[PDB]
Amino acid sequence: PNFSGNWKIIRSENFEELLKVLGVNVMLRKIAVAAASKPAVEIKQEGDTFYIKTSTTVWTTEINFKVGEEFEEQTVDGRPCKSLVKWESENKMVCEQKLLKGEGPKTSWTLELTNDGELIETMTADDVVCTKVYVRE
Ligand SMILES: *C/C=C(C)/C=C/C=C1/N(C)c2ccccc2C1(C)C
């Protein structure tokens with residue numbers, strides 16, 4: 001299920017509420033939802049080994065994981081945590097995260113390559129769920 005490729009975000013719901021739930025400074029919340037801050041996603045997939053890059057205006061995040069192999073990473077609000085990714089179907093994977101230090105909401109995310117060629121991502125902080133929808137390029 002080649003998640004590989006370069007991804008262009010074309011929709012995003014409930015994102016500010018997610019940040020709000022996580023505790024994100026209001027000023028950062030407002031800049032976070034600007035048409036300028038739209039993230040670009042590059043995924044590089046081979047087997048159970050994944051490389052995903054997320055790039056905004058002045059920041060980038062790189063993660064490297066194997067499905068099943070626990071790894072270190074950051075939440076959405078950038079808190080250090082341990083993560084573990086598993087398959088849900090052929091075209092879906094889900095990742096649960098465990099805060100390294102401190103304690104806050106229960107976070108996670110999922111990734112879903114559809115049949116109409118889209119890539120759906122969800123992110124969850126406790127009750128609240130954010131969906132974002134990507135296309136290739
Ligand atoms: C949908 C995902 C979004 C809008 C990602 C936002 C992420 C960031 N990051 C990581 C960042 C770092 C510095 C300054 C601004 C940001 C922004 C809020 C765009």
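For the numbers below, each heavy atom of this structure counts, side chains included, while hydrogens, waters and symmetry mates do not. Sequence positions, counted from 1, serve as the residue numbers for this chain.
- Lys8 has no carboxylate O lying under 4.0 Å from a charged side-chain N of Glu137, or vice versa, which leaves the two without a salt bridge.
- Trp7 and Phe3 fall within the same hydrophobic cluster, where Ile, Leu, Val, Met, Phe, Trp and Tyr residues are linked whenever their side-chain heavy atoms come under 4.5 Å apart, directly or through other members.
- Transitive grouping of hydrophobic side chains (ILVMFWY, heavy atoms separated by less than 4.5 Å) keeps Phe15 and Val133 in distinct clusters.
- Listed here is the closest heavy atom pair of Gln97 and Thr107: OE1-OG1, 2.6 Å.
- Residue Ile63 holds its CD1 atom at 10.0 Å from OH of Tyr51, rounded to the nearest 0.5 Å.
- For the residue pair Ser37 and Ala32, the shortest heavy atom distance occurs at CB-O, 3.6 Å.
- Atom SG of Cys81 sits about 11.0 Å away from atom CD of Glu96, to the nearest 0.5 Å.
- Side chains of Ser83 and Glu73: a donor-acceptor N/O pair is present below 3.5 angstrom, by distance only.
- Residues that satisfy the salt bridge (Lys or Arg N to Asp or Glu O under 4.0 Å) test with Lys30, not counting sequence neighbours, are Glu16.
- For the salt bridge (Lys or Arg N to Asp or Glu O under 4.0 Å) condition, the pairs that include at least one residue of residues 36-61, sequence neighbours left out, are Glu42-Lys53.
- Under a cut-off of 6.0 angstrom, the local environment of NZ in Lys20 is sparse, with at most 12 non-hydrogen atoms contributed by other residues, nucleotides or ligands.
- Cation-pi geometry between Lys66 and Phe71 is not satisfied (NZ or CZ under 6.0 Å from the ring centre, within 45° of the ring normal).
- Put simply, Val41 and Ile10 are part of two different groups of oily side chains (I, L, V, M, F, W, Y) that touch within less than 4.5 Å, one to the next.
- The heavy-atom pair separating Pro39 from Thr54 by the smallest distance is CB-CG2, 4.0 Å.
- The 12-atom threshold is not exceeded at CG of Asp127, counting heavy atoms of other residues, nucleotides or ligands nearer than 6.0 Å.
- Counted by atom type alone, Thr75 and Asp77 present one or more donor-acceptor pairs between their side chains at under 3.5 Å.
- For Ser4 against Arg136, the heavy-atom pair with the smallest separation is O-NH2, 2.7 Å.
- Distance CD/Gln74 to OG1/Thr61: 6.5 Å, rounded to 0.5 Å.
- From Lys98, atom NZ reaches atom CG of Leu100 across 10.0 Å, with rounding to the nearest 0.5 Å.
- Applying the salt bridge (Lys or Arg N to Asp or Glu O under 4.0 Å) test to pairs two or more places apart or on separate chains, those with a residue in residues 106-122 are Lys92-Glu112.
- Clustering ILVMFWY residues whenever any of their side-chain heavy atoms sit less than 4.5 angstrom apart, transitively, puts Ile9 in the very cluster that holds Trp109.
- In this structure the side chain of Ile52 reaches within 4.5 angstrom of the side chain of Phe65, judged on heavy atoms.
- With values rounded to the nearest 0.5 angstrom, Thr124 atom OG1 is found 10.5 Å from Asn14 atom CG.
- Screening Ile43, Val85, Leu111 against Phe50 for a side chain to side chain contact (heavy atoms under 4.5 Å, CB included) leaves a single residue, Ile43.
- Summarising the geometry of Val21 relative to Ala125, their closest heavy-atom pair is CG1-O, 3.7 Å, with the distance given to 0.1 Å.
- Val135 is not connected to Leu113 by any chain of hydrophobic side-chain contacts under 4.5 Å among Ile, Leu, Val, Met, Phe, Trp and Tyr, and they are in different clusters.
- Distance check, rounded to the nearest 0.5 Å: OG1 of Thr131 to CE of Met123 gives 8.5 Å.
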